[PDB]
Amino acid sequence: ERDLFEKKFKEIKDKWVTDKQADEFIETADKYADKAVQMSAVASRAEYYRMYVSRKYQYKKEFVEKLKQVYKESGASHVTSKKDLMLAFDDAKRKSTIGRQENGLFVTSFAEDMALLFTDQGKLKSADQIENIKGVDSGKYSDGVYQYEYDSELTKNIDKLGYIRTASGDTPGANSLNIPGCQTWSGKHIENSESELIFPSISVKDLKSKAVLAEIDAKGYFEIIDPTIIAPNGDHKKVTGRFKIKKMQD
């Protein structure tokens, strides 16, 4: 049962996941099981484990709807590196999109990144600390911790089109460490976990990578207003709201 879950993880474990990450993953597995139950994304810890093994992540509509409230309150966030940001504009196989074209971009709630990434006194945390919080490699935010932000209204009118998705096991960009429950696996420290949804990708066609960073260094942000998004069916469409590409500061 859990035994079955432990057997799948070894089966699908990606080359990049370290013995340390693997140890912590299996070790703390049942806390993520129970977090799933407490959010009422699942009935039992057993159900969580079956779902991981089966790769089909289904949720009750009642739960998904309650989640999207916090998203709708202060909007959405996706923390990224300068390096990966650049890759979105300059990597030609991606077709100038922030996200995986029609497959979307992973995000959390904006309120969660704000509370989790910031000191209560209002100061941004160490790159070293945030790297830890996000379960990424040491030094991946050394030259800045940047952020994609969908504002509250952009999010609100996205939901209206019906374009918010949940992550599942066959979702492009999912891997061994992806997890049922609309929740990221953030290592041994589970209270650094956050919600995960899939919002549609922003088109940044014709946009220049170097321009965006210069524009961000000059002001602290760069914005797209009435952004063209990409729906699952893949059509390009404009949606009323704001999308900022910030470098985060105090």
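Throughout, we count residues from 1 along the sequence that is shown.
Colleague: Give the stretch, out of 31-39 and 211-219, with the larger mean C-alpha temperature factor in the deposited entry.
Modeller: On average, C-alpha B-factors are higher across 211-219.
Colleague: Looking at the entry, does 11-19 or 232-240 show the higher mean C-alpha B-factor?
Modeller: The stretch with the larger mean CA B-factor is 232-240.
Colleague: Identify, among 139, 135, 99, 122, the residue whose C-alpha carries the highest B-factor in the deposited PDB entry.
Modeller: Going by the entry's C-alpha B-factors, 122 comes out highest.
Colleague: By the recorded C-alpha temperature factor, relative to the other modelled residues in its chain, which third is residue 52 in?
Modeller: It falls in the middle third of the chain.
Colleague: Quick one: classify residue 161 as lowest, middle or highest third of the chain based on its Cα B-factor.
Modeller: Its C-alpha B-factor belongs to the middle third of this chain's values.
Colleague: Give the position of residue 117 by CA B-factor within its chain, expressed as the lowest, middle or highest third.
Modeller: Within its chain, residue 117 is a highest-third residue by C-alpha B-factor, going by the deposited values.
Colleague: What third of its chain's C-alpha B-factors does residue 58 belong to: lowest, middle or highest?
Modeller: Tercile = highest for this residue's CA B-factor.
Colleague: With respect to C-alpha B-factor, does residue 197 fall in the lowest, middle or highest third of the chain as deposited?
Modeller: Ranked within chain, residue 197 CA B lands in the middle tercile.
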